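Q: Right, I'll just put the structure down here and ask away after.
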Amino acid sequence: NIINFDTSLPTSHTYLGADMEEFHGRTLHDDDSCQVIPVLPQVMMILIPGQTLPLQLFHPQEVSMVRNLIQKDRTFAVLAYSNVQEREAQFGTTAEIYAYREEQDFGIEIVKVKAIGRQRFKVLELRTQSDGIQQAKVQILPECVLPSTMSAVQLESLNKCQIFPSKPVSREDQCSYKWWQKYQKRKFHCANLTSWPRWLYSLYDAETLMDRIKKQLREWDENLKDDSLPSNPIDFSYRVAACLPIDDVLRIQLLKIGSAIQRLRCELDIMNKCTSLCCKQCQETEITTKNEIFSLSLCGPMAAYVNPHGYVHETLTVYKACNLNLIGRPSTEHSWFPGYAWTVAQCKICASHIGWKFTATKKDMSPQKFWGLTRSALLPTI
Amino acid sequence: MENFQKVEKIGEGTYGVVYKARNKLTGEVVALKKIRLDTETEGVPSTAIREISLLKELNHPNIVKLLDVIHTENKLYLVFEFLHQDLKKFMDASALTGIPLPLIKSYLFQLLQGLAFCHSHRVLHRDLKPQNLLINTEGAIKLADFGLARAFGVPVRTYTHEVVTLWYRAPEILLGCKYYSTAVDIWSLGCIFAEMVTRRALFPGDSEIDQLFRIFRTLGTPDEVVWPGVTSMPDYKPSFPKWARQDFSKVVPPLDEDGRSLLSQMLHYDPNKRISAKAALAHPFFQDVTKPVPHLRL
Amino acid sequence: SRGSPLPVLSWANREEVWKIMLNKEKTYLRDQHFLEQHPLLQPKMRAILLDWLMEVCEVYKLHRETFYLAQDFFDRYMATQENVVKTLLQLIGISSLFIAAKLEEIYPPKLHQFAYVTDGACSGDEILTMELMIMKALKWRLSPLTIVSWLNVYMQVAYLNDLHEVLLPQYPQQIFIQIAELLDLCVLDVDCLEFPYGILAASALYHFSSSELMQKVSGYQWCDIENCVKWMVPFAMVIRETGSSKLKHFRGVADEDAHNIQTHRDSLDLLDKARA
Amino acid sequence: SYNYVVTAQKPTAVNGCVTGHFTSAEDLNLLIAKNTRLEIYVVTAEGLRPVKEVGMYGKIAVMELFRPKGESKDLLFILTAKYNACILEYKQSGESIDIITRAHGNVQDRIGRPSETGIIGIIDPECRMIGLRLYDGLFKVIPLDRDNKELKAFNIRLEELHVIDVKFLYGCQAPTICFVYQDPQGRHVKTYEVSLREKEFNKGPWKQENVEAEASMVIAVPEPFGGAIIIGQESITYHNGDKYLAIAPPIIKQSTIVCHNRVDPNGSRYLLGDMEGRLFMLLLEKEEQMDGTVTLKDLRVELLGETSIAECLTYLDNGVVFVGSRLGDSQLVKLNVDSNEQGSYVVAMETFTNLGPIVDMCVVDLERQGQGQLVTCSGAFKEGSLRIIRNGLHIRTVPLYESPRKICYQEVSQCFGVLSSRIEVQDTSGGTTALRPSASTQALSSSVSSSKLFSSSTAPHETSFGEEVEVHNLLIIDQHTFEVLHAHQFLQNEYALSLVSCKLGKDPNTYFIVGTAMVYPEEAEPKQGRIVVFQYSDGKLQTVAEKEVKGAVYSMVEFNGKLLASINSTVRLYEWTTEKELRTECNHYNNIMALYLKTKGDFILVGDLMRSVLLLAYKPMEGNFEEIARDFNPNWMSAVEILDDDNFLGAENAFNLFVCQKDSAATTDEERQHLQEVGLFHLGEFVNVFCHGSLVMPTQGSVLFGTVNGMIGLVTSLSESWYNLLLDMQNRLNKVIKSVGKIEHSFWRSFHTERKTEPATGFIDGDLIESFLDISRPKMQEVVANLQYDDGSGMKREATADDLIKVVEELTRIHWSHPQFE
Ligand SMILES: Cc1cc(S(=O)(=O)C2CC3(CCN(CC4CCN(c5ccc6c(c5F)n(C)c(=O)n6[C@@H]5CCC(=O)NC5=O)CC4)CC3)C2)ccc1Nc1ncc2ccc(=O)n(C3CCCC3)c2n1
Ligand SMILES: [Zn+2]
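Here the protein sequences line up with chains B, U, V and W, keeping their order.
All you need for my numbering is the position in the first sequence, starting with 1, plus 18.
All you need for my numbering is the position in the second sequence, starting with 1, plus 25.
All you need for my numbering is the position in the third sequence, starting with 1, plus 1.
All you need for my numbering is the position in the fourth sequence, starting with 1, plus 15.
In structure tokens, the structure reads:
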């Protein structure tokens, strides 16, 4: 239904605290450059570029390493551990700190940090520092931007009518089914020179795939306008990738897709092929389906949050879930979504912690109840 | 605010965050509730203004004392008095052998005095749950977290509909009654009294209809004979299943006759004939009241 | 003396509720010479500001209790200040109402709405600042017995049938609006602050009732209110000559609650006749 | 893989044409560039005389003639697509003609992305500079000074990032560019001045004018008119600063005007053409004659006739117009003054052959006289045809008036199965009506598919009047008379994609198996299609079996007596049962869409547009497909082909061809699973279809390909010794042979992509090696000086420059002989 929640709070991570420093800095790296980068040992997250990762660090060397890595650069290597969880990391992502905070209060160090992923790398070596710190010597993978499929076969006399007037307002009659039908007939007119039809080349068109993905992205938490979902296909693909509830082995394969075109095709592939999200270690219960998936934040249906003990959870927000029982009573402590209280949810068969049930606690709040299901206990299906 | 030194996080109430701090001047332990006004678009939240305004007018041995209020830029601090625990953690720590009947007597007797003090001051707590009843090692239980409180007028008018936690929500509030009054708090105390004896929640429902059906199953389906006007209540439907007044001898075993009568009065369906706090303090159950000292490891 | 106007009570006992109400009346001090501390100000712009607040309440369907809470907040906040200009006055006024809003009605209008009502003269940050310093200056003592709450009490004690039943509203809806209309007309001038709020409501009740209904309902005696009645004469009169209004209806409000909403029609036009 | 690539037929699709005084100071010359060959004709009253033809190491993207001050002839400016430019001059010394490179250089920028609208090259009228629009946001100027022999150029920032078109204006003291561009609130036209001594942009002599939303052609009108003419979908407008004059005739509404030409030096009238292939004349009548000035009065346009879909137009004086086409045969026609034979003023009087967009060819031979016939599906739309190439070179054209997509040959029935597509319009009364009578509508016998298994009945979506629909037919064409003997029309919204003619299982009948996809404008990916088996027996075409599939049958092939087809992303092996039915036997599921799919022996090679190529094997006694290898890097792939059991050859973006190898080393079960690339080469052509067969009879194998630009090429395989010998010869020839524009052969044949560029490896250029016989004896003696031919056993060092002649001449006769221009 309607959502007057002001979905910016989940992205703000206000539960992490108040007096948080807000580094405006940025940094990059040359393509296929061998870099030596520090590693966080306890985070098991598979970070996708453009994703916000909040972390709470307790261990002394970790406090020290974040403290000394704040000044010289701000990047650390979140390795995407394979199914073999201990070591055996072949690829990963670089994350740069954009918010850092230190409180000696209560007599414990605790470093509260918010980072965001920038690049992807392959790890060629993994050395160990003097104090239980992993240094990954890595090579940056390339962002291979692919030219248009008619840039080679193209009549230069027709290459002058290849710009198109403009977008036809926003979702009107004879403005979605008609404008795209004339866009496909004018951008792929040289497809008659090749051995394939226009509708085949539309399947590999960045604009068409982005529009087709946005058609489904609107069903989850109808979008205000194209302010989100950047026009650049690389950024759009990385943003959509962070929202798919697929498991870890599929996420690794998606993160290895070099081109944006193949990444969009794979995301659009697992957007209608998937039918049901089911219990992972239990494998029998039908928890939810796609139809009840909705986004409560600008980041999308799924985002990364952190419990007071430092663990990072990818919580997918759904309207309705079944085969789950609640343990305990609602509490508003450290709540990821401000104004809601959580109750621990476990599956009916194997009593495995699957997520939480959030309920409204303040006055005049539109979604009276929803469910946040952790991704580590979900296995998408047929 | 440079005099207090934080020691540990306690928890979060209806709003803000509560810490434990020791005053460096007199060396006493207090609690500090913190509000971040910079995030609050509507300045100081309504709950904050309400609780601060009511808490400086209520001074009772069984209501948590508001020692001092300050404002340090973009932060609001309320200093409270320190209580060592809450009722819930004490009940959980005593889920095997349990709270003695004299201790339950003293706890309910002391809650009723604070509730009667609030009701004499035309104040509706509306948040009587075991998290908000704080106990100490001296054997005193006190009311806390007045954020959801409201000073009801004379006459009353319509206030906020869905109030109180679901497990402690009165049936008239569930049925969408137009006007509610003091009786709701009494109901909560009953729901807590039976909780102190049976050791689990009396009505553990995860939805409105559930809660209502569980209340009916325990106490029977109301009619116009016991509760005038149920058939005319906005949320009452004729399809409600007919259950018949499960005997209190099985619902709440370990307590005797006068306790059973008092609890049945505390769980009466109609607000008009539901027992008032003062007329509950006159019950024979409070004839041999004492003040035992709980031993509360952890 | 105030013997015991209120009947026997069930949810509490009558004596305690009554002495608590009287001690609340005693605790909140109000001064009719609070304007002399500010030589630039005059009673007329206080009346103008109160009327503007009345209009603001009427626009947003805020309750009468909200308006009178704002009035008490203003009249107690000015008495603790010195040498304020009229330009600030509007802000202070809205701030009081803004605070009063959060205290009384279920769904406050948002801060941006309150800023928009000021027509750009006051901003949201300014409103929050002034509300915070108001809450300091009143020492967070923000629960007074207003003029209209006393009127509600008196009206219920006026019309009682099956004893008790003091919490469920039961009284005609046109006498209440007439008496409140007299009370806000008497609220614009400063010297009304001389008399207690309960005495104000009682005398305004009498000016549309008999001398025995007042005494049965209010617990008061003739001498303590002779001055109040003698002073109110003009008000009651100008109102009687003008003719009382009718219980108007509001959108989104039940027909049994419309009498608890502020209705501003015209006051300054009658005050000058009253002061003549 | 030690390959050898040569061209058996030069490109025939003309991509640019220009006229001017190139050969001498007074004769009129026609210069036509097709892909890489520049052909110079001297136009005479009889027609065209082919004086010269040169070949360049690059794809001519822009070419114009210009005569700078103090010059007797016209100089030629050529910019190739690798972004290198050259200024050339014709000279003749008695009886020898060569193209001097007056200037040359490389123009590309280190950082920058190629513009979407494409390379635009313009030359200052009076020749003060050359303007190039190559990358978005910047316009680069080459000053045409007498000392800029290295073509040094500087870039001026363009504020408008989306520039549609740009031209140089006439009659301006400082050079002016008028350009139409787009901003996110409209499409505008505005001018700029170029300052060379200070190298920036100054305010132009007009005002920023808001123009038609589909304006796409700016042409510069010469004196005494001046100004510019803007041509778009709706109207033709004329701007000359203050003066504005627009007309919106209904005659040009049907099609989009794409090409234009100026047929009068005064600029009084122009020639233009559109996509549909009809020709208009744009008349500008002075009719003003003021006190001292002449201005425009109206801008009427008129129909002239129909020609071949035209890519370029030029006026060759005395009524004759050359129409250069990339989709069909080029034309040389004549515009009569008052012909009106039926309404058309144009009559064709010469046609130049154009193999065009070869989309699919087949090699047909039974007797070995020349042991070769190349039947290619050429052209598109009105001029789609099939071309039969024989060596006796005889090119025979069979016009279909519809686009041909796939062709396959049946020996027993002596017929060709041709997939064809026809464009129809939606009528008001409901139904499809044809534009022109095509081969599908003029067949001896006709049939329409009556399949009822495709009930569908899910949002039929009756289209709008004027919508374009595409009907697909299968044509049975005789192989002796080339007469369409049968046309079978497929169902509505059915795109025919694949066609094979092969025997299946244990029956002796040969079949035409076609794969189809039901395409709907809302469904991006087809979810239903058919596999249909036809028999052409004694005149008719009977459907023997029909099979439902849940997706598009992109490609399929006969495989050891079975079929194997690609349904979306699954590869399915069907076995043709005894009761004339097709039953599934094997399934494999891939992460990529199986577009290209070729088998040899028991190996299958699949691939998609994204160059990700997979290689599977069929295990006989287990009953499925086992993945052997697969290499996946993102790039656009046009065609793939399996050379031998180990080497696989494909064509990829930027007109490149590659060969990837299999196995070798085989260290740890991952080396053999990796398809490591071995060879790269820059063809310069977009190869479209890639088949086997020899067309004429030290090279083993012969795989020939057909491209978009009309080229036909042949790639064979050599050995270690001969690859080394010819690679050594290739470098020695590069130091003796001088190209047109001083373009290095290594740079021109370097594998190119706008992310990377590496030298060509594993490929030997047949054209450069065959150019050894066109060199002189004293120059031939420097190539072979310190060589080591080696044959019997000894290197015999010298090689005598007569032995390598024998080697190259033996290499020459593996393909057809190129006819001499003149
Ligand atoms: C002295 C004294 C002691 C106790 S006590 O000990 O009884 C109490 C301490 C307690 C409070 C609750 N935590 C239990 C922990 C359980 C784990 N956790 C948590 C939270 C989120 C989690 C999570 C977790 F694990 N995980 C695994 C997750 O993944 N998430 C995510 C997060 C995001 C989300 O959205 N979803 C999720 O799931 C919270 C802490 C400590 C134990 C109980 C009571 C009172 C006092 N004294 C005292 N004196 C004076 C006053 C005066 C005024 C006043 O108001 N108060 C009190 C303030 C509050 C009530 C009244 C006073 N109080
Ligand atoms: Zn389970």
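For every residue, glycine included, the Cβ atom is placed at its ideal position computed from N, Cα and C.
Can you give the Cα-Cα distance for W/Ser-400 and W/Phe-673, rounded to whole angstroms?
A: If you number the fourth sequence from 1, residue 400 of chain W lands on position 385. If you number the fourth sequence from 1, residue 673 of chain W lands on position 658. Straight-line Cα distance between these residues: approximately 30 Å.
Q: May I ask you to check if the CB of B/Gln-299 is nearer than 8 Å to at least one heavy atom of ligand 4?
A: Ligands displayed in this structure: ligand 1 and ligand 2; ligand 4 is not among them.
Q: Please state if the CB of B/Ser-313 and the CB of B/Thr-335 are separated by a distance shorter than 9 Å.
A: Taking the first residue of the first sequence as 1, we reach residue 335 of chain B at position 317. Taking the first residue of the first sequence as 1, we reach residue 313 of chain B at position 295. Result yes, Cβ atoms of B/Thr-335 and B/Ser-313 sit closer than 9 Å.
Q: Could you tell me whether any non-hydrogen atom of ligand 2 is closer than 8 Å to the CB of B/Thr-303?
A: Numbered from its first residue, the first sequence carries residue 303 of chain B at position 285. Yes, since a heavy atom of ligand 2 falls inside the 8 Å radius drawn around the Cβ of B/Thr-303.
Q: Nearest to B/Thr-306 by CA position, among B/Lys-155, B/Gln-234, B/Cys-193, B/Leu-295, is which residue?
A: As a first step, residue 306 of chain B must be located in the first sequence, where it is residue number 288. Closest option to B/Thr-306, Cα to Cα, is B/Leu-295.
Q: Measuring alpha carbon to alpha carbon, tell me which residue in W/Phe-154, W/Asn-163, W/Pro-129 is nearest B/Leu-164.
A: Position 146 of the first sequence, counted from the first residue, corresponds to residue 164 of chain B. Residue W/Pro-129 is the option with its Cα nearest to B/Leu-164.
Q: May I ask you to report which of helix, strand or coil DSSP gives W/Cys-517?
A: The residue labelled residue 517 of chain W in the question sits at position 502 within the fourth sequence. Reduced to three states, the DSSP call for W/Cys-517 is strand.
Q: Please identify the residue among U/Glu-67, U/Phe-310, U/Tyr-193 whose C-alpha is closest to the C-alpha of B/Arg-347.
A: Counting from 1 along the first sequence, the entry for residue 347 of chain B is found at position 329. Comparing Cα-Cα distances from B/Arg-347 to each of U/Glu-67, U/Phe-310, U/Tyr-193, the minimum goes to U/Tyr-193.
Q: Check each residue of the region 161 to 186 of chain B: if its Cβ is closer than 8 Å to any Cβ of chain W, include it; give the result in chain order.
A: Taking 8 Å as the Cβ-Cβ cut-off against chain W, the residues of the region 161 to 186 of chain B that qualify are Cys-162, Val-163, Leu-164, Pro-165, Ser-166, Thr-167, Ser-169, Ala-170, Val-171, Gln-172, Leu-173, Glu-174, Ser-175, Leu-176, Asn-177, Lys-178, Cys-179, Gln-180, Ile-181, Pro-183, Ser-184.
Q: Report yes if the CB atom of W/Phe-505 is closer than 9 Å to the CB atom of W/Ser-516, and no otherwise.
A: By 1-based counting over the fourth sequence, the position of residue 505 of chain W is 490. By 1-based counting over the fourth sequence, the position of residue 516 of chain W is 501. No, the pair does not count as a contact, with Cβ atoms beyond the cut-off.
Q: Identify every residue that forms a DSSP beta bridge with B/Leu-144.
A: The residue labelled residue 144 of chain B in the question sits at position 126 within the first sequence. Beta-bridge pairing links B/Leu-144 to B/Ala-154.
Q: For W/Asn-217, list the residues DSSP reports as bridge partners.
A: Mapped onto the fourth sequence, residue 217 of chain W falls at position 202. Per DSSP, W/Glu-208.
Q: How far does the alpha helix (DSSP H) with W/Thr-191 in it reach, from first residue to last?
A: Taking the first residue of the fourth sequence as 1, we reach residue 191 of chain W at position 176. Here W/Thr-191 belongs to no alpha helix (DSSP H); instead the beta strand (DSSP E) covers 191 to 198.
Q: Tell me whether the beta-carbon of V/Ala-205 lies closer than 9 Å to the beta-carbon of V/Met-233.
A: Reading the third sequence from its first residue, position 204 is the one you call residue 205 of chain V. Reading the third sequence from its first residue, position 232 is the one you call residue 233 of chain V. For V/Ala-205 and V/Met-233, yes; Cβs fall inside 9 Å.
Q: Distance cutoff 9 Å, beta carbons only. Does U/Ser-119 sit that close to anything in chain V?
A: Working through the second sequence from its first residue, we reach residue 119 of chain U at position 94. Not an interface residue.
Q: From which residue to which residue does the alpha helix (DSSP H) around V/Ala-259 run?
A: Walking along the third sequence from the start, residue 259 of chain V turns up at place 258. Run containing V/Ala-259: none; DSSP gives neither H nor E here.
Q: Around the Cβ of W/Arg-545, are there at least 16 other Cβ atoms within 10 angstroms (buried) or fewer (exposed)?
A: Sequence index remark: in the fourth sequence, residue 545 of chain W carries index 530 (1-based). Buried is the call here.
Q: I'd like to check one pair, B/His-31 with residue 6 of chain B: are the Cβ atoms closer than 9 Å?
A: Here chain B comprises residues numbered 19 to 400, so residue 6 of chain B is not present and cannot be evaluated.
Q: Give the secondary structure of V/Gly-199 by DSSP, where H, G and I count as helix, E and B as strand, and everything else as coil.
A: Residue numbering aside, residue 199 of chain V sits at position 198 when the third sequence is read from its first letter. Three-state DSSP puts V/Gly-199 in a helix.
Q: Answer yes or no: does any C-beta atom of chain B fall closer than 9 Å to that of U/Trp-192?
A: Within the second sequence, numbered from 1, the residue matching residue 192 of chain U stands at position 167. Closer than 9 Å to some Cβ of chain B, the Cβ of U/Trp-192 qualifies, so yes.
Q: Using the three-state DSSP reduction, which class does B/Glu-114 fall into: helix, strand or coil?
A: Along the first sequence, read from residue 1 onward, the residue named residue 114 of chain B stands at position 96. Note: B/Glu-114 maps to strand in three-state DSSP.
Q: Note down the Cα distance separating V/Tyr-155 from U/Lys-34, rounded to an integer number of angstroms.
A: In the third sequence, counting from the first residue as 1, residue 155 of chain V sits at position 154. In the second sequence, counting from the first residue as 1, residue 34 of chain U sits at position 9. About 48 Å.
Q: Counting only beta-carbon atoms, is B/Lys-381 nearer than 9 Å to chain W?
A: The residue given as residue 381 of chain B occupies position 363 in the first sequence. Closer than 9 Å: no.
Q: Taking 8 Å as the cut-off, is the CB of W/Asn-602 close to at least one heavy atom of ligand 1?
A: Locating residue 602 of chain W in the fourth sequence gives position 587, counting from the first residue. No - ligand 1 has no heavy atom lying nearer than 8 Å to the Cβ of W/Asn-602.
Q: Any chance you could list the alpha helix (DSSP H) runs of at least 4 consecutive residues sitting entirely within the region 90 to 174 of chain U, in chain order?
A: 112 to 118, 126 to 145, all fully within the region 90 to 174 of chain U.
Q: Would you call the region 696 to 709 of chain W and the region 235 to 254 of chain V in contact, with 3 or more CB pairs under 8 Å?
A: Touching, no.
Q: Is there at least one Cβ from chain W nearer than 9 Å to B/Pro-248's Cβ?
A: Counting from 1 along the first sequence, the entry for residue 248 of chain B is found at position 230. Output row for B/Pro-248: interface = no.
Q: Please confirm whether any heavy atom of ligand 1 lies closer than 8 Å to the CB of B/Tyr-329.
A: To locate residue 329 of chain B, count along the first sequence from 1; it is residue 311. Answer for B/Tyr-329: yes, Cβ within range of ligand 1.
Q: Please confirm whether W/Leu-819 and W/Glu-785 have their CB atoms less than 9 Å apart.
A: Sequence index remark: in the fourth sequence, residue 819 of chain W carries index 804 (1-based). Sequence index remark: in the fourth sequence, residue 785 of chain W carries index 770 (1-based). Contact: no.
Q: Let me know if residue 1 of chain W comes out buried or exposed under the rule of 16 or more other beta-carbons within 10 Å of its beta-carbon.
A: What is shown of chain W runs 16 to 837, which leaves residue 1 of chain W out entirely.
Q: Please state whether the Cβ-Cβ distance between W/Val-586 and W/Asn-575 is less than 9 Å.
A: Along the fourth sequence, one-based indexing puts residue 586 of chain W at 571. Along the fourth sequence, one-based indexing puts residue 575 of chain W at 560. No; because the gap between Cβ atoms is not below 9 Å, this pair is not in contact.
Q: DSSP has W/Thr-776 in a bridge; who is on the other side?
A: Walking along the fourth sequence from the start, residue 776 of chain W turns up at place 761. Paired residues: W/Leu-695.
Q: At a threshold of 8 Å, does B/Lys-366 count as lining ligand 2 (C-beta to nearest heavy atom)?
A: As a first step, residue 366 of chain B must be located in the first sequence, where it is residue number 348. For ligand 2, at least one heavy atom lies less than 8 Å from the Cβ of B/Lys-366.
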